[PDB]
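Scroll down for the structure; my scribbles are underneath it.
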Amino acid sequence: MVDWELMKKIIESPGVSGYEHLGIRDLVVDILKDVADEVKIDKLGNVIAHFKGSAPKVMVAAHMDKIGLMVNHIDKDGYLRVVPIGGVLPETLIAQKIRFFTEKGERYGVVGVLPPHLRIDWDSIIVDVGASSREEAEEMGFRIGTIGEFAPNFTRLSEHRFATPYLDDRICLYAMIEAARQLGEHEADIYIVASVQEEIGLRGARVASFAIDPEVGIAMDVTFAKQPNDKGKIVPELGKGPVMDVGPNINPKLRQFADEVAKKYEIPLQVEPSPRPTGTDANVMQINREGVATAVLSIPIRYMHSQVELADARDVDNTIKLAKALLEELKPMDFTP
Amino acid sequence: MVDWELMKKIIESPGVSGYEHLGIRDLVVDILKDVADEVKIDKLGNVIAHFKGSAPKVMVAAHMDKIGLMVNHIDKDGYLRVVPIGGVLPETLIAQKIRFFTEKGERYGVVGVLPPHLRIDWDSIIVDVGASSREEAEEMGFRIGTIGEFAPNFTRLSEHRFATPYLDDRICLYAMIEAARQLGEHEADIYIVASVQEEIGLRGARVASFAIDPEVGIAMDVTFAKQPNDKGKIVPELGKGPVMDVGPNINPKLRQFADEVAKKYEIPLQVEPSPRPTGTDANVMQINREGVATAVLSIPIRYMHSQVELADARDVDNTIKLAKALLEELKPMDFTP
Amino acid sequence: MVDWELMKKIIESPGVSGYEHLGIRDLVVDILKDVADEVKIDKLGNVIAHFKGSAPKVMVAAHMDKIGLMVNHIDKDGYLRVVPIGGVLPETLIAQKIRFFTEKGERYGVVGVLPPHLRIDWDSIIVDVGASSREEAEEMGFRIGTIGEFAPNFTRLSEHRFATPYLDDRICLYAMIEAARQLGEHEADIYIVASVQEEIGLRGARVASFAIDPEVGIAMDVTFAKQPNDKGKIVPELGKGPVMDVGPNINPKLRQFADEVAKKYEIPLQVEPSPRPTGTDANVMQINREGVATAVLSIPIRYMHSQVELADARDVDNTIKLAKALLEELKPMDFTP
Ligand SMILES: [Cl-]
Ligand SMILES: [Cl-]
Ligand SMILES: [Cl-]
Ligand SMILES: [Co+2]
Ligand SMILES: [Co+2]
Ligand SMILES: [Co+2]
Ligand SMILES: [Gd]
Ligand SMILES: [Gd]
Ligand SMILES: [Gd]
Ligand SMILES: [Gd]
Ligand SMILES: [Gd]
Ligand SMILES: [Gd]
Ligand SMILES: [Gd]
Ligand SMILES: [Gd]
Ligand SMILES: [Gd]
Ligand SMILES: [Gd]
Ligand SMILES: [Gd]
Ligand SMILES: [Zn+2]
Ligand SMILES: [Zn+2]
Ligand SMILES: [Zn+2]
């Protein structure tokens, strides 16, 4: 079962990389304070929630930062110029609405388009916030350094599928949190991390990893799903279950284990071939300290890093189940390759 | 004064070129039936509302059709392919939501984007409606020929400025209708037309023009407003008043008259230099039958033909006033150049 | 006040990345041994100077390595081929003098130009050291691995502005050093680090960060200043004060504090929008161990990484004042974002 209302709330709560404290951080803390033995916030802004247990020591990470924008200029006529935080594609900004977090509250701006008869790149991205002068714009609360996000826009397309900005990674943050709320008996000593600044170099998990010092590390990010024009170069598909990579970033014995957990609980599990260190928190967890046994558990989505990221609710539900089952079944074990 | 609620309603009511009967037509008829002597709908779908009077015979036209999309393909996996109705730019479709009018009601779809590592044109525009098969998509109500529009999204940015799809031409349809509701005493014999199929060749006004046979014809469309990257090649500016073109499509004595009406009522009036026959209903009105004395009265907007068209409410209000004043002050006159 | 003689000396002292021991290290050790409680040199060459105090533990880093050149070949005719250590532009080498540190003392070389009628790249970079044969060059003290720098050339242009190779980062090393010298009572437990190998991966601040384990970290590097042909994309300006970034790498609470310090001491303070993890020592400090509260304090300069790096003495003076003031005002406080 999926809680649509809570999911929507977690997806749309403010928090670009480096600015997770604008909303999502407190929302996450307020949900986990009730179920975790202890909840802390570190100097980088990570939310670390301890679910006390015996062994092994297990870290789970789902990043709460969104890709977004920073204002770096305001011109005489009151237009804004912006620059990306994280892998924003400028092509997805044309004729779109941007949600800004100014000092007088949330405001909106609009990225225009040039009518054909007066005619891809970041210098063409000029934000219109409804002002006539630099002074009016400043008075609205706009500053050099003001942060913006894709305007919220949640759409259920069918019974199962839905499109919204920022499924990466709010969809896995939601699944991770949900699995934690339902967490039953477990031998493992579990740390649930809502990591910070993942979209700009995995920095949150790097630092939380150092603090916690786990034996097992599991990252919950989204992954690419088969979509139009992918040239058939994408293995996972929407609606066919959660995904767990295989490859160098993936500890073989941990990956084997998760497979059998899935078999026992009869949860469909997809394979994603990953020949490189992943672009997830598992990358830096694996090379933390003396080494960590790591894996990636992901929800497949279409249209990664756009206002229109699309998932299947059956994959979300199954991801919650497998996350829960894994955390409960995890026991001391030989992870040596 | 501007009625934000009514404006929003008129802007968002369904009606692409050739399909104004999906909503906007009845909305317009229902508003004008109360104030007009007689309201008719012609074979092309035009709404013609007569406000009886003496002379001259005056036609006013604001088009109620929107640019939009038609589905022309549904593939095995349930994706849609679409083609434009009117001057839709494909660049404005990336990561956008489309509102569809299917046979089982309104549904939504989403135009994806291709993640960078697997890489402007219409064959790249594939619509995702949350289906898995052609059959599921058909069952949803999708057909070859299903119509779609930009998803509604009204945003007031500041006290005066607001951005939304389809200000062209719902913003002038609203101003025109509003002026008609407030219409006082007038010597002129007035026909208020909500024209059809303007974005694909001015066809509605061509035909309504023939039926009515006016001596004076006035078109209310939107026009380009000064915006970023316009190379300073746009004269009108947001917030500096309604616009009335000057040029070959504009009868000199009618244009003179409107100028003095504006002076008397002290409504700011901008000039737009138009050396060609205009891309408005005034084009075909002027060459109707034995000739018609024509002018263009427009509201300036930024970002023409995108989801993010932007206007200034002060221009809207002033447009209502000048439209009203002109209709009341209009009297028999020598229009001979 | 700025000490021109001391500033010049610190700027022109030898020390390319990995070879900071050729001069700058001892000059730094010699100056701070007089004011610091303790001075150590680590395995990579960082100079770490302890200024005892209570809390918080504060690391300040100004890098003492310069970008430079390494000889990787000597041909039969005694010419050298070189390769860059750090972000050297080959364009800045045409018709320039190079200072080399040979086994027989400092020597000079020249990178030529080809007269046009005989006609951008590293293969066009051939150094002429005045030799006729490989042996003569060898006998002169030149080896594969010989290190070279931009020849020193300090010039005061006006009362406040001056241009020289290697303001990056000797100008902030100088500022940090002066601030330490003038340091009064302070609650913070202060470590002044003159770091090693910054222009090639922030190595050194990475290791010093680890040994010191601070709670607060401040980098003093140079930053870009508004200059000709910058497309107006550079916010900070010469003469308008020190600069402090805002963005993910900058702890919001520390940044707010520093702002407050500036206001109280009436020191002009600029903002630089930095949406990425910075290209300064603060990048690795932030992700050191369990995380650090970090900021960047920088001097604005023109023509970064060239022989004519150019600064304003008023910004230097103010950077010292702000550096001093910050270190004295710093106290325990909650840095949680
Ligand atoms: Cl990721
Ligand atoms: Cl038009
Ligand atoms: Cl640097
Ligand atoms: Co991402
Ligand atoms: Co149009
Ligand atoms: Co540098
Ligand atoms: Gd550019
Ligand atoms: Gd104010
Ligand atoms: Gd079963
Ligand atoms: Gd250890
Ligand atoms: Gd094509
Ligand atoms: Gd059916
Ligand atoms: Gd007046
Ligand atoms: Gd006639
Ligand atoms: Gd080469
Ligand atoms: Gd002086
Ligand atoms: Gd520690
Ligand atoms: Zn992610
Ligand atoms: Zn139009
Ligand atoms: Zn530097």
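Residues in the structure tokens are numbered from 1 in each chain, the chains being A, B, ... in the order shown, and ligands are numbered from 1 in the order shown.
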
Which protein, DNA or RNA residues have an atom within 12 Å of ligand 13, counting only C-alpha atoms and all ligand atoms, as a PDB file with N, CA and C atoms, in the first residue's frame?
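As written to disk, part_38.pdb reads:
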```
ATOM      1  N   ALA B 262      -9.372  57.893 -27.094  1.00  0.00           N
ATOM      2  CA  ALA B 262      -8.410  57.635 -26.036  1.00  0.00           C
ATOM      3  C   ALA B 262      -8.004  58.912 -25.326  1.00  0.00           C
ATOM      4  N   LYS B 263      -7.730  59.966 -26.088  1.00  0.00           N
ATOM      5  CA  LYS B 263      -7.354  61.235 -25.473  1.00  0.00           C
ATOM      6  C   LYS B 263      -8.466  61.756 -24.539  1.00  0.00           C
ATOM      7  N   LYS B 264      -9.707  61.713 -25.008  1.00  0.00           N
ATOM      8  CA  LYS B 264     -10.841  62.231 -24.260  1.00  0.00           C
ATOM      9  C   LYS B 264     -11.084  61.463 -22.982  1.00  0.00           C
ATOM     10  N   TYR B 265     -10.947  60.149 -23.049  1.00  0.00           N
ATOM     11  CA  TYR B 265     -11.153  59.327 -21.879  1.00  0.00           C
ATOM     12  C   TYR B 265      -9.852  59.129 -21.110  1.00  0.00           C
ATOM     13  N   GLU B 266      -8.791  59.759 -21.603  1.00  0.00           N
ATOM     14  CA  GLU B 266      -7.452  59.666 -21.022  1.00  0.00           C
ATOM     15  C   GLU B 266      -6.959  58.240 -20.767  1.00  0.00           C
ATOM     16  N   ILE B 267      -7.090  57.385 -21.777  1.00  0.00           N
ATOM     17  CA  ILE B 267      -6.573  56.029 -21.707  1.00  0.00           C
ATOM     18  C   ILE B 267      -5.300  55.994 -22.539  1.00  0.00           C
TER      19      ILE B 267
END
```

Next on the checklist: Can you work out which residues are within 6 Å of ligand 1, considering only C-alpha atoms and all ligand atoms, and then hand them over as a ChimeraX atom specification?
Outcome noted: /A:221,279-280

Generate a file of the selected residues that holds N, CA, C and O atoms, formatted as a PDB file, in the first residue's frame.
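So the final result, stored in part_11.pdb, reads:
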```pdb
ATOM      1  N   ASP A 221      18.319   5.305  -4.488  1.00  0.00           N
ATOM      2  CA  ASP A 221      18.159   6.422  -5.433  1.00  0.00           C
ATOM      3  C   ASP A 221      17.203   5.928  -6.502  1.00  0.00           C
ATOM      4  O   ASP A 221      16.719   4.814  -6.405  1.00  0.00           O
ATOM      5  N   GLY A 279      26.397   6.444  -9.668  1.00  0.00           N
ATOM      6  CA  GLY A 279      26.152   7.832  -9.304  1.00  0.00           C
ATOM      7  C   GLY A 279      25.152   7.951  -8.161  1.00  0.00           C
ATOM      8  O   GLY A 279      24.175   8.705  -8.244  1.00  0.00           O
ATOM      9  N   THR A 280      25.382   7.168  -7.107  1.00  0.00           N
ATOM     10  CA  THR A 280      24.558   7.173  -5.888  1.00  0.00           C
ATOM     11  C   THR A 280      25.402   7.216  -4.623  1.00  0.00           C
ATOM     12  O   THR A 280      26.614   7.008  -4.678  1.00  0.00           O
TER      13      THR A 280
END
```

Item to check | Expected selection as a ChimeraX atom specification for ligand 16 within 12 Å, only C-alpha atoms and all ligand atoms | outcome: /C:1-4,158-161,313-314

Take the residues from that selection and write them out as a PDB file, in the first residue's frame, keeping N, CA and C atoms.
```
ATOM      1  N   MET C   1      46.515  49.334   6.731  1.00  0.00           N
ATOM      2  CA  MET C   1      47.804  49.402   6.053  1.00  0.00           C
ATOM      3  C   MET C   1      48.292  48.068   5.457  1.00  0.00           C
ATOM      4  N   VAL C   2      48.900  48.142   4.271  1.00  0.00           N
ATOM      5  CA  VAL C   2      49.472  46.981   3.588  1.00  0.00           C
ATOM      6  C   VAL C   2      50.986  47.102   3.530  1.00  0.00           C
ATOM      7  N   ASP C   3      51.688  46.021   3.833  1.00  0.00           N
ATOM      8  CA  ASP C   3      53.143  46.029   3.781  1.00  0.00           C
ATOM      9  C   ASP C   3      53.626  45.560   2.410  1.00  0.00           C
ATOM     10  N   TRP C   4      53.892  46.518   1.530  1.00  0.00           N
ATOM     11  CA  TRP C   4      54.273  46.228   0.150  1.00  0.00           C
ATOM     12  C   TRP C   4      55.528  45.377   0.045  1.00  0.00           C
ATOM     13  N   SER C 158      49.011  51.845  -9.947  1.00  0.00           N
ATOM     14  CA  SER C 158      48.434  53.065  -9.413  1.00  0.00           C
ATOM     15  C   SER C 158      48.604  53.061  -7.908  1.00  0.00           C
ATOM     16  N   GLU C 159      47.920  53.968  -7.228  1.00  0.00           N
ATOM     17  CA  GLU C 159      48.015  54.012  -5.781  1.00  0.00           C
ATOM     18  C   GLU C 159      47.517  52.721  -5.124  1.00  0.00           C
ATOM     19  N   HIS C 160      46.460  52.132  -5.667  1.00  0.00           N
ATOM     20  CA  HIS C 160      45.846  50.985  -5.021  1.00  0.00           C
ATOM     21  C   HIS C 160      46.003  49.682  -5.787  1.00  0.00           C
ATOM     22  N   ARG C 161      46.086  49.755  -7.115  1.00  0.00           N
ATOM     23  CA  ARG C 161      46.073  48.550  -7.942  1.00  0.00           C
ATOM     24  C   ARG C 161      47.482  48.167  -8.422  1.00  0.00           C
ATOM     25  N   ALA C 313      44.646  47.194  -3.475  1.00  0.00           N
ATOM     26  CA  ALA C 313      45.185  47.136  -2.110  1.00  0.00           C
ATOM     27  C   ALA C 313      44.128  47.398  -1.033  1.00  0.00           C
ATOM     28  N   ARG C 314      43.074  48.115  -1.389  1.00  0.00           N
ATOM     29  CA  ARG C 314      42.014  48.375  -0.427  1.00  0.00           C
ATOM     30  C   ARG C 314      41.272  47.092  -0.047  1.00  0.00           C
TER      31      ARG C 314
END
```

Checklist entry - If we count only C-alpha atoms, which residues of chain A reach to within 9 Å of chain B? Please list them as number ranges by chain. => result A: 79, 89, 91-97, 107-116, 118-120, 124, 126, 128-131, 140, 155-163, 224, 227-231, 233, 302-310, 312

Checklist entry - Given a cut-off of 8 Å, what residues near ligand 10 show up using only C-alpha atoms and all ligand atoms, put as an NGL selection string? => result :A and (213 or 289-290)

Keeping N, CA and C atoms for every residue in the selection just given, could you write it to a file as a PDB file, in the first residue's frame?
```pdb
ATOM      1  N   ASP A 213      30.182   4.735  10.489  1.00  0.00           N
ATOM      2  CA  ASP A 213      31.066   3.595  10.268  1.00  0.00           C
ATOM      3  C   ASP A 213      30.379   2.227  10.152  1.00  0.00           C
ATOM      4  N   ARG A 289      36.207   4.562   4.916  1.00  0.00           N
ATOM      5  CA  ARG A 289      37.107   3.972   5.910  1.00  0.00           C
ATOM      6  C   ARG A 289      37.811   2.712   5.415  1.00  0.00           C
ATOM      7  N   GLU A 290      37.548   1.579   6.061  1.00  0.00           N
ATOM      8  CA  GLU A 290      38.222   0.335   5.707  1.00  0.00           C
ATOM      9  C   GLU A 290      37.454  -0.445   4.651  1.00  0.00           C
TER      10      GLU A 290
END
```

Would you kindly return, as a PDB file with N, CA, C and O atoms, in the first residue's frame, each protein, DNA or RNA residue with an atom no farther than 10 Å from any atom of residue 105 in chain A, considering only C-alpha atoms and excluding same-chain residues fewer than 4 positions away?
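Contents of the output file around-v7.pdb:
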```pdb
ATOM      1  N   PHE A 100      10.591  30.049  -6.232  1.00  0.00           N
ATOM      2  CA  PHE A 100      11.730  30.657  -5.535  1.00  0.00           C
ATOM      3  C   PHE A 100      11.529  30.841  -4.031  1.00  0.00           C
ATOM      4  O   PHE A 100      10.422  31.128  -3.559  1.00  0.00           O
ATOM      5  N   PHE A 101      12.609  30.672  -3.281  1.00  0.00           N
ATOM      6  CA  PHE A 101      12.568  30.857  -1.843  1.00  0.00           C
ATOM      7  C   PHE A 101      13.279  32.134  -1.441  1.00  0.00           C
ATOM      8  O   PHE A 101      14.460  32.138  -1.122  1.00  0.00           O
ATOM      9  N   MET A 140      10.830  42.520  -3.734  1.00  0.00           N
ATOM     10  CA  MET A 140      10.028  41.309  -3.695  1.00  0.00           C
ATOM     11  C   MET A 140      10.700  40.286  -2.798  1.00  0.00           C
ATOM     12  O   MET A 140      10.058  39.371  -2.304  1.00  0.00           O
ATOM     13  N   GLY A 141      11.993  40.468  -2.565  1.00  0.00           N
ATOM     14  CA  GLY A 141      12.735  39.584  -1.694  1.00  0.00           C
ATOM     15  C   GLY A 141      13.836  38.837  -2.417  1.00  0.00           C
ATOM     16  O   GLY A 141      14.490  37.985  -1.817  1.00  0.00           O
ATOM     17  N   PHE A 142      14.055  39.169  -3.690  1.00  0.00           N
ATOM     18  CA  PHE A 142      15.048  38.479  -4.513  1.00  0.00           C
ATOM     19  C   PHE A 142      16.456  38.977  -4.235  1.00  0.00           C
ATOM     20  O   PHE A 142      16.685  40.165  -4.090  1.00  0.00           O
TER      21      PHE A 142
END
```

Next on the checklist: as a count of residues only, please: every protein or nucleic acid residue near ligand 18 (cut-off 10 Å, counting only C-alpha atoms and all ligand atoms).
Outcome noted: 29

Next on the checklist: One number please: CA of residue 189 in chain C to CA of residue 51 in chain C, in Å, one decimal.
Outcome noted: 6.5 Å

Checklist entry - Do you know which residues are within 10 Å of ligand 11 using only C-alpha atoms and all ligand atoms? Can you write them as an NGL selection string? => result :B and (121-124)

Residue selection dump (C-alpha atoms) as a tab-separated table (two decimals), in the first residue's frame:
```
chain	number	residue	atom	x	y	z
B	121	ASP	CA	11.94	18.55	-33.65
B	122	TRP	CA	8.45	16.92	-33.88
B	123	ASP	CA	9.54	13.29	-34.17
B	124	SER	CA	11.15	13.64	-30.76
```
